[PDB]
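Visitor: So I've got this experimental structure, pasted below with the sequence.
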Amino acid sequence: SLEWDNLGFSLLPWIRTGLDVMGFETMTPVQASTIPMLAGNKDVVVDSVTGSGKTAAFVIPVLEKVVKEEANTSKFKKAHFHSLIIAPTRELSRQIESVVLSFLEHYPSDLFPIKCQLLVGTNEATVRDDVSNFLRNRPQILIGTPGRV
RNA sequence: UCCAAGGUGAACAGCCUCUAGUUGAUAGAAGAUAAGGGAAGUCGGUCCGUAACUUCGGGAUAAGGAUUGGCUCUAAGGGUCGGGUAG
């Protein structure tokens, strides 16, 4: 069908709003076959061509799992995180973080926020600055390259 | 019943010596080989000449007499400072 409305688990309204504002006009086969299972107690091994909605295909289930496991609540502890994302290069991880930020643009207010932090090797921030703002801001998503993470 | 040196042997062994003990035992004099035959007998016969190898650590980074510079991505690689022309 490739329609967002007739998916198995009825995606969250703000994720749907973000998708509609971004568009895509539909859901790709990768996003149609991965999102229902990656949020449904199944590990996922996905091979797909470049630029086929893969990034959103693994970003939407991440946010769904974050909301599902009550990660965006006062009960969540300090110095803890929920989800990790790893990429082999710094630019790819920064691009993934930009996609996540674009999705979280339409996150509603009046609720405990969901944030992300990028951990890449940079000359503008030591690892101790990363630890300091991780403690202060308390994100639930970490995105970075293997060395700095 | 206790203690127990060294060197050769380079096969327990045997041989020689260091420390330590002996000179004790009546005294003096004056098995091996074989020519020829070969059981005819009797009851009974380790060291000289080659070649490859070969021990311990530390080392990382393709080498180690030469002109050393040596892959892609990926935490850190001592600290600090410093940017023009005009009003």
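Guide: Received, thanks. Numbering: from 1, shown residues only, chains lettered A, B, ... in the order given.
Visitor: C-alpha from now on. contacts and neighbour counts both.
Guide: Noted.
Visitor: Quick check: closest non-adjacent residue to the residue nearest the centre of chain A.
Guide: Geometric centre of chain A, nearest residue: residue A:59, 3.9 Å, by Cα atoms, centre = their mean. Using Cα to Cα, 6 or more residues apart in numbering and skipping the chain neighbours, the partner closest in space to residue A:59 is residue A:100 (6.7 Å).
Visitor: Quick check: residues of chain A near RNA strand B?
Guide: Taking Cα under 7 Å from any atom of the strand as the contact definition, chain A meets RNA strand B at A:88-91, A:119-123, A:126-127, A:144-149.
Visitor: what about 6 Å?
Guide: A:88-90, A:120-123, A:127, A:145-148 (Cα under 6 Å from any atom of the strand).
Visitor: So what does residue A:117 look like in phi/psi?
Guide: In terms of degrees, to the nearest 10, the main-chain angles of residue A:117 are phi -140, psi 130.
Visitor: quick one: it and residue A:9, what's the gap?
Guide: Going from residue A:117 to residue A:9 by Cα to Cα, to the nearest Å gives 28 Å.
Visitor: Compare those two (neighbour count), which wins?
Guide: Taking neighbours as other Cα atoms under 10 Å, residue A:117 and residue A:9 compare with residue A:117 leading, 19 against 12.
Visitor: what's across from the more buried one in the sheet?
Guide: Going by DSSP bridges, residue A:117 is paired in beta bridges with residue A:142.
Visitor: Next up, the contacts around it.
Guide: When contacts are counted by Cα atoms under 8 Å, 6 or more residues apart in numbering, residue A:117 touches A:97, A:134, A:139, A:141-143.
Visitor: Which of those residues ranks first by neighbour count?
Guide: residue A:143 (24 neighbours).
Visitor: That one touches residue A:84, doesn't it?
Guide: Yes: Residue A:143 lies in contact with residue A:84 (Cα atoms under 8 Å); the separation is 6.0 Å.
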